[PDB]
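Residue strings, one per chain:
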Amino acid sequence: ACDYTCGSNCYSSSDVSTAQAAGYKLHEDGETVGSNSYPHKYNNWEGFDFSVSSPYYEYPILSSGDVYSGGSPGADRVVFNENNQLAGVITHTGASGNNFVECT
Ligand SMILES: Nc1nc2c(ncn2[C@@H]2O[C@H](CO)[C@@H](O)[C@H]2OP(=O)(O)O)c(=O)[nH]1
Ligand SMILES: [Ca+2]
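Residues numbered from 1 in each chain as written, not as in the entry; some residues may be left out. Chains lettered and ligands numbered in written order. Heavy atoms only, no water. Residues with missing side-chain atoms left out of burial classes, pairs and counts.

- Judging from the entry metadata, X-ray crystallography is the method by which this structure was determined, and 2.4 Å is the reported resolution.

The structure is reproduced here in structure tokens:
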């Protein structure tokens, strides 16, 4: 079963946890990754009511299972905060333009 379903992608708790650990780690060293410099800030234009506190940072989660280290970031992201908390999992899939919809 899927703990998180991002359109076509099936992500498990373990998947989310791995990406998230990679992002908070970069964020902690003050280092980026890719041409879009992940992780960066998630502004929250979508206006999601996260059960966690701002500010937010995003980091790509790959359907491939591997951790992002460059190349296409895909459509799915993991959102965590300064305390290393999971805000959620979002995707551009089924979302107009660069908008975001949440993974089910
Ligand atoms: N849709 C959306 N994009 C955001 C937000 N905060 C930062 N971004 C980034 O700004 C871009 C829009 O110009 C988005 O594609 C996204 O980059 P990512 O694709 O790396 O997530 C936000 O709250 N919503
Ligand atoms: Ca997996």
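1. Points about the site of ligand 1
Logical step 1: Neighbouring ligand 1 are 14 residues, the closest being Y38, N44, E46, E58 and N98.
Logical step 2: Contacts to ligand 1 include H40, whose side-chain N or O atom sits 2.9 Å from an oxygen atom.
Logical step 3: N44 has a polar backbone atom sitting 2.5 Å from an oxygen atom of ligand 1.
Logical step 4: Ranked by residues supplied to the shell around ligand 1, first place goes to strand β3 (residues 40-42) with three residues.
Logical step 5: For the shell around ligand 1, a count of residues per class yields four nonpolar, six polar and four charged. (Near = heavy atom within 4 Å. Polar contact = N/O pair within 3.5 Å; in protein donor to acceptor, adjacent residues only side chain to side chain. Helix = DSSP H or I, 4+ residues; strand = E, 2+ residues; numbered from the N terminus. Nonpolar A, V, L, I, M, F, W, Y, C, P; charged D, E, K, R; others polar.)

2. Quick notes on unusual backbone geometry
Logical step 1: Here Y38 and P39 are connected by a cis peptide whose omega angle stands at 0°.
Logical step 2: The topology assignment puts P39 in the loop between α1 (13-29) and β3.
Logical step 3: Of the consecutive residues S54 and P55, the connecting peptide bond is found in the cis state with omega at 0°.
Logical step 4: Assignment of secondary structure puts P55 in the loop between β3 and β4 (56-60).
Logical step 5: Unusually for a residue other than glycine, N84 sits at a positive phi of about 75°.
Logical step 6: Within the secondary structure, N84 is located in the loop between β5 (76-81) and β6 (86-91).

3. Considerations on the UniProt feature "active site" in the chain
Logical step 1: The positions that UniProt labels "active site" are, in the present scheme, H40, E58 and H92.
Logical step 2: Inspection of the secondary structure puts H40 in strand β3.
Logical step 3: Each residue touching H40, except ones within four places of it in the same chain, is listed here: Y56, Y57 and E58.
Logical step 4: When you line up the elements, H92 lands in the loop between β6 and β7 (101-102).
Logical step 5: Among residues more than four places away in sequence, those in contact with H92 are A75, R77, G97, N98, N99 and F100. (UniProt positions renumbered as here; feature names shortened; annotations may be inferred. Contact = heavy atoms within 4.5 Å.)

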